[PDB]
Amino acid sequence: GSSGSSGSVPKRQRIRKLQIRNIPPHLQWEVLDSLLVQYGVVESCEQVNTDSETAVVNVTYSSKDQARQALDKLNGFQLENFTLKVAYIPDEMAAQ
């Protein structure tokens with residue numbers, strides 16, 4: 001878009017949030033974190049509830065490449081007999 005902005009622009013861009021499900025309620029959080037960062041630089045790890053037994057959380061990496069791997073693996077990373085499922089989360093648009 002044209003250049004018509006003066007000030008400190010926000011940082012709500014490049015948000016390829018990732019959704020992870022099929023997580024074992026036995027594993028310890030302290031463990032999950034490591035698994036995340038291990039892939040790349042997780043900007044933030046938000047919580048989510050898909051109304052399912054297994055635990056669900058949303059991963060937000062800084063770079064796209066880093067995120068690609070995380071999912072590329074987690075998407076099917078078997079953990080405690082629980083095939084972790086990962087899917088690219090859609091961005092927030094000003095439309096239905």
# chains A, B, ... in the order shown; residues from 1 in each chain; ligands from 1
$ select_by_dssp --residues "chain A" --states "alpha helix (DSSP H)" --output "ChimeraX atom specification"
/A:29-39,64-74
$ residues_around --residues "range 36-40 of chain A" --least-positions-apart "2" --cutoff "8 Å" --atoms "only C-alpha atoms" --output "JSON, numbers by chain"
{"A": [32, 33, 34, 42, 59, 61, 66, 67, 69, 70]}
$ write_last_selection --atoms "N, CA, C and O atoms" --output "PDB file, in the first residue's frame"
ATOM      1  N   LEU A  32       7.310 -29.375  27.055  1.00  0.00           N
ATOM      2  CA  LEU A  32       6.767 -28.829  25.816  1.00  0.00           C
ATOM      3  C   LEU A  32       7.582 -27.627  25.347  1.00  0.00           C
ATOM      4  O   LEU A  32       8.048 -27.588  24.209  1.00  0.00           O
ATOM      5  N   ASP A  33       7.752 -26.653  26.233  1.00  0.00           N
ATOM      6  CA  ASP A  33       8.514 -25.451  25.911  1.00  0.00           C
ATOM      7  C   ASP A  33       9.804 -25.806  25.178  1.00  0.00           C
ATOM      8  O   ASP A  33      10.059 -25.317  24.078  1.00  0.00           O
ATOM      9  N   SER A  34      10.613 -26.660  25.797  1.00  0.00           N
ATOM     10  CA  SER A  34      11.880 -27.077  25.205  1.00  0.00           C
ATOM     11  C   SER A  34      11.673 -27.583  23.781  1.00  0.00           C
ATOM     12  O   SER A  34      12.399 -27.201  22.862  1.00  0.00           O
ATOM     13  N   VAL A  42      10.363 -19.413  19.290  1.00  0.00           N
ATOM     14  CA  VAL A  42       8.942 -19.222  19.556  1.00  0.00           C
ATOM     15  C   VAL A  42       8.681 -17.864  20.197  1.00  0.00           C
ATOM     16  O   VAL A  42       9.019 -17.640  21.359  1.00  0.00           O
ATOM     17  N   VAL A  59       1.362 -22.075  18.958  1.00  0.00           N
ATOM     18  CA  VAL A  59       2.751 -21.636  18.884  1.00  0.00           C
ATOM     19  C   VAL A  59       2.907 -20.471  17.915  1.00  0.00           C
ATOM     20  O   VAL A  59       2.367 -20.489  16.808  1.00  0.00           O
ATOM     21  N   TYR A  61       5.928 -18.467  16.225  1.00  0.00           N
ATOM     22  CA  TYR A  61       7.346 -18.274  15.943  1.00  0.00           C
ATOM     23  C   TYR A  61       7.596 -16.905  15.317  1.00  0.00           C
ATOM     24  O   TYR A  61       6.667 -16.240  14.858  1.00  0.00           O
ATOM     25  N   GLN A  66      11.446 -21.247  10.473  1.00  0.00           N
ATOM     26  CA  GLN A  66      11.506 -21.910  11.770  1.00  0.00           C
ATOM     27  C   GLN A  66      10.186 -22.605  12.087  1.00  0.00           C
ATOM     28  O   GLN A  66      10.169 -23.727  12.592  1.00  0.00           O
ATOM     29  N   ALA A  67       9.080 -21.931  11.787  1.00  0.00           N
ATOM     30  CA  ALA A  67       7.756 -22.484  12.039  1.00  0.00           C
ATOM     31  C   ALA A  67       7.491 -23.698  11.155  1.00  0.00           C
ATOM     32  O   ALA A  67       6.899 -24.682  11.598  1.00  0.00           O
ATOM     33  N   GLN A  69       9.426 -26.057  10.070  1.00  0.00           N
ATOM     34  CA  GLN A  69       9.983 -27.262  10.672  1.00  0.00           C
ATOM     35  C   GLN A  69       9.109 -27.750  11.823  1.00  0.00           C
ATOM     36  O   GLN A  69       8.570 -28.855  11.781  1.00  0.00           O
ATOM     37  N   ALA A  70       8.975 -26.918  12.851  1.00  0.00           N
ATOM     38  CA  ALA A  70       8.166 -27.264  14.013  1.00  0.00           C
ATOM     39  C   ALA A  70       6.960 -28.105  13.611  1.00  0.00           C
ATOM     40  O   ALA A  70       6.781 -29.224  14.094  1.00  0.00           O
TER      41      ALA A  70
END
$ closest_residue --among "A:28, A:44, A:58, A:13" --to "residue 71 in chain A" --atoms "only C-alpha atoms"
A:58
$ atom_distance --atom1 "CA of residue 57 in chain A" --atom2 "CA of residue 94 in chain A"
24.1 Å
$ residues_around --residues "residue 23 in chain A" --least-positions-apart "3" --cutoff "8 Å" --atoms "only C-alpha atoms" --output "list in words"
residues 20, 54, 55, 56, 79, 82, 83 and 84 of chain A
$ select_by_dssp --residues "chain A" --states "strand (DSSP E)" --output "mmCIF file with C-alpha atoms, in the first residue's frame"
data_model
loop_
_atom_site.group_PDB
_atom_site.id
_atom_site.type_symbol
_atom_site.label_atom_id
_atom_site.label_comp_id
_atom_site.auth_asym_id
_atom_site.auth_seq_id
_atom_site.Cartn_x
_atom_site.Cartn_y
_atom_site.Cartn_z
ATOM 1 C CA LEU A 18 0.338 -22.502 14.706
ATOM 2 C CA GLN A 19 -2.202 -24.785 16.380
ATOM 3 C CA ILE A 20 -1.032 -27.959 18.118
ATOM 4 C CA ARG A 21 -3.378 -30.699 19.323
ATOM 5 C CA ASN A 22 -3.310 -34.358 20.361
ATOM 6 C CA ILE A 23 -1.033 -33.483 23.278
ATOM 7 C CA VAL A 42 8.942 -19.222 19.556
ATOM 8 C CA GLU A 43 7.768 -15.624 19.926
ATOM 9 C CA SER A 44 5.006 -16.662 22.326
ATOM 10 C CA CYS A 45 3.123 -19.781 23.419
ATOM 11 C CA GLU A 46 -0.594 -19.149 23.915
ATOM 12 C CA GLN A 47 -3.045 -21.682 25.345
ATOM 13 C CA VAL A 48 -6.077 -23.111 23.548
ATOM 14 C CA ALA A 55 -3.933 -30.564 25.568
ATOM 15 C CA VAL A 56 -4.069 -27.837 22.920
ATOM 16 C CA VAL A 57 -1.779 -24.826 22.523
ATOM 17 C CA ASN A 58 -0.867 -22.224 19.904
ATOM 18 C CA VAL A 59 2.751 -21.636 18.884
ATOM 19 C CA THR A 60 3.881 -18.276 17.509
ATOM 20 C CA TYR A 61 7.346 -18.274 15.943
ATOM 21 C CA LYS A 85 -1.329 -32.701 15.191
ATOM 22 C CA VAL A 86 -0.298 -29.304 13.823
ATOM 23 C CA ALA A 87 -2.042 -26.981 11.369
ATOM 24 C CA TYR A 88 -1.392 -23.471 10.058
#
$ atom_distance --atom1 "CA of residue 53 in chain A" --atom2 "CA of residue 26 in chain A"
11.2 Å
$ atom_distance --atom1 "CA of residue 52 in chain A" --atom2 "CA of residue 29 in chain A"
17.5 Å
$ closest_residue --among "A:62, A:96, A:81, A:75" --to "residue 14 in chain A" --atoms "only C-alpha atoms"
A:62
